[PDB]
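Single chain ahead, by itself, as structure tokens, in the form deposited in one PDB entry.
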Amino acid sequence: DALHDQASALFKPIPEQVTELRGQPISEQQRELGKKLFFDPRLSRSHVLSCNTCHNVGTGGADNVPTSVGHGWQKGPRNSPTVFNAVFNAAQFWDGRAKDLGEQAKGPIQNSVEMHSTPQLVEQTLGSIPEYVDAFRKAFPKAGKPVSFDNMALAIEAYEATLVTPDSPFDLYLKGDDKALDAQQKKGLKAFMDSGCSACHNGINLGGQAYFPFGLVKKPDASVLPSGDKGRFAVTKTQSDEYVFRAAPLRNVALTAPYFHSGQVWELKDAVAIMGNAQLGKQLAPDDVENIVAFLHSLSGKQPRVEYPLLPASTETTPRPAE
């Protein structure tokens, strides 16, 4: 039917797995090292924060707090997005300031309000542990310096690239199952398309591919759009980039409240309404709103099964937790 044709020209399902990146097999030695690294809180200076702290794999890959709490209980400027499906995004972070997951991982380690570490500290910590030395050596066989900050970032990337959420009701619908969307979700899917939401939220991720003003038509209030965060401007210094953000990828959006970069909006219904007004100049009917919320619930996929990694013991030369 028509609705199916229309959706199929706009969206793509999440693949059942990702095993390739930039045209090469993901190394599984690298995938398994990256998994240890993602959960190792010793990548942080305090030894109390891992990537999983802010990107909890049990709660949609996000920490679901307005803005993340990092080193010294410092809350950041932004809501942490999910790491799930992040490989398919055209760039990383709310302002697209990282090309890929490899480059992205370097931010958190060094960010004083997140992990508050350095390249040297990381290298020294990982190199102090024989199991890590051996795992880096094997995962990076052509390297004269297998244990390094850049290779740590590559391993984490390899792991994250695998963290995808296939077979959401919407994907099963895309792939051929007409009844995977209930009648409400089909109305919501329709409302989403016809209102123009899909102009910014399209493809594999329903967003993450381009940057737009938060307020293409009308600026949200100052709590939803804090004046102190100019988004893309901070990257490009082009003035028309003030308050321009990456279109948020909508996969698993039901699982990652609160919403927008600012984490101020707890209800999905309110996020949908704010988006009609801000981006489309359209006050959505109560029905469109509820039906779009329903459709967004169809976006939540099979959560990846994470077996908690065993991390190797610290040794005598392992740096100690500090401030």
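Just count from 1 along the sequence shown to find any residue number. Only the largest set of C-alpha atoms that superpose within 1.5 Å between the two forms is called the rigid core.
*Asks:* Going by the B-factors listed in the PDB entry, is the mean over the C-alpha atoms higher for 229-237 or for 94-102?
*Replies:* Higher mean C-alpha B-factor: 229-237.
*Asks:* Out of 219-227 and 103-111, which stretch has the higher average CA B-factor listed in the record?
*Replies:* The entry gives the higher C-alpha B-factor average to 219-227.
*Asks:* Take the CA temperature factors straight from the PDB entry and tell me which of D194, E160, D150, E123 peaks.
*Replies:* The listed residue with the largest C-alpha B-factor is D194.
*Asks:* How does the C-alpha B factor of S314 compare with the rest of the chain: lowest, middle or highest third?
*Replies:* Answer is lowest: the recorded C-alpha B-factor places it there.
*Asks:* If you rank every modelled residue in this chain by C-alpha B factor, which third holds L250: lowest, middle or highest?
*Replies:* According to the entry, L250 has a C-alpha B-factor in the chain's middle third.
*Asks:* Sort the modelled residues of this chain by their C-alpha B factor and say whether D167 lands in the lowest, middle or highest third.
*Replies:* Answer is middle: the recorded C-alpha B-factor places it there.
*Asks:* Grab the CA temperature factor for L206 from the record and place it in the lowest, middle or highest third of its chain.
*Replies:* As the PDB entry reports it, the C-alpha B-factor of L206 lands in the middle third of its chain.
*Asks:* Can you tell me which third, lowest, middle or highest, the CA B-factor of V293 falls into for its chain?
*Replies:* Within its chain, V293 is a middle-third residue by C-alpha B-factor, going by the deposited values.
What comes next is about the form deposited in another entry, which does not appear here.
*Asks:* Which single residue of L174, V113, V133, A199, after superposing the core, moves its CA by 2 Å or more between the shown form and the other one?
*Replies:* After core superposition, the one over threshold is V113.
*Asks:* If you line up the core, does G263 shift 2 angstroms or more at its C-alpha between the shown form and the other one?
*Replies:* Moves: no, less than 2 Å.
*Asks:* Determine whether the C-alpha of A254 shifts by 2 Å or more between the shown form and the other one once the rigid core is superposed.
*Replies:* For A254, whose C-alpha is compared between the shown form and the other one after core superposition, the shift is less than 2 Å.
*Asks:* Would the C-alpha of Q283 be classed as shifted by 2 Å or more between the shown form and the other one after rigid-core alignment?
*Replies:* Superposed on the core, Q283 moves its C-alpha 2 Å or more between the shown form and the other one.
*Asks:* Given that the CA-CA distance for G281 and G196 shifts by 3 Å or more in that other deposited form, does it become closer or farther?
*Replies:* Closer is correct, given that in that other deposited form the C-alpha spacing of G281 to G196 is reduced by at least 3 Å.
*Asks:* Flagged pair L255/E114: C-alpha distance shifts by 3 angstroms or more in that other deposited form. Which direction, closer or farther?
*Replies:* Relative to the displayed form, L255 and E114 move farther apart in that other deposited form - a change of at least 3 Å between their C-alphas.
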